[PDB]
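Participant: Here's a structure for you.
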Amino acid sequence: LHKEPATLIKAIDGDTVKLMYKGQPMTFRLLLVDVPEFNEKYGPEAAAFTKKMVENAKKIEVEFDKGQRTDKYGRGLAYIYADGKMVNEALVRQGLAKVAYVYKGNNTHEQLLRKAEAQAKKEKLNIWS
Ligand SMILES: Cc1cn([C@H]2C[C@H](OP(=O)(O)O)[C@@H](COP(=O)(O)O)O2)c(=O)[nH]c1=O
Ligand SMILES: [Ca+2]
């Protein structure tokens, strides 16, 4: 896998962000995760977490997997990195997301996230509380 540059356009919610990629605007959906809806418990906090992570970053990178790069809604599907830290993984580690939507061909970082989820659960963090 390889990291490509992008710049924040706008935070959206816990697992979507508007990014400029190769000069075009696009909504990215975070691979391998599911966060509560804004109206559901921990939904606001998930959004606030992702927002801070991406807004504070000096450098946002996008990392496509080996399979589908766009979903049925036209959203990009990627691992997003904020100053070299993976947002997908961070949310899961904080118990602000669950591992989810694991499809074959787009699951390189599955075991990594599951490990983070194992440790979030062990600590009864956020959704595991
Ligand atoms: C994460 C992810 C979601 N999706 C689709 C599945 C869901 O379809 P349905 O809307 O038909 O349920 C939807 C969930 O996204 P949200 O969790 O952002 O709503 O996004 C993909 O197709 N690929 C993926 O890698
Ligand atoms: Ca969601």
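In chain A, numbers come from Swiss-Prot; the residues present are 86-124, 131-220, in order.
Technique stated in the header: X-ray crystallography, 2.0 Å.
Cβ coordinates are placed from backbone N, Cα and C, and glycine is handled just like the others.
As annotated by Swiss-Prot, active site applies to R114, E122, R166.
For the listed features, I'd like the structural context: burial, neighbours, distances.
Facilitator: In the three-state DSSP classification, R114 (active site) falls within a strand. Other Cβ atoms within 10 Å of the Cβ of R114 (active site), summed over all protein chains shown, number 18.
All protein chains included, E122 (active site) registers 14 other Cβ atoms within 10 Å of its own Cβ.
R166 (active site) falls within neither a helix nor a strand when secondary structure is assigned with DSSP, and so counts as coil. With a 10 A radius on its CB, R166 (active site) counts 15 other CB atoms from all the protein chains.
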Participant: Do any of the active-site residues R114, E122, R166 touch ligand 1, in the sense that the CB is under 6 Å from one of its atoms?
Facilitator: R114
Participant: Translate the DSSP assignment of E122 (active site) into the three-state scheme.
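Facilitator: In the DSSP reduction, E122 (active site) maps to coil.
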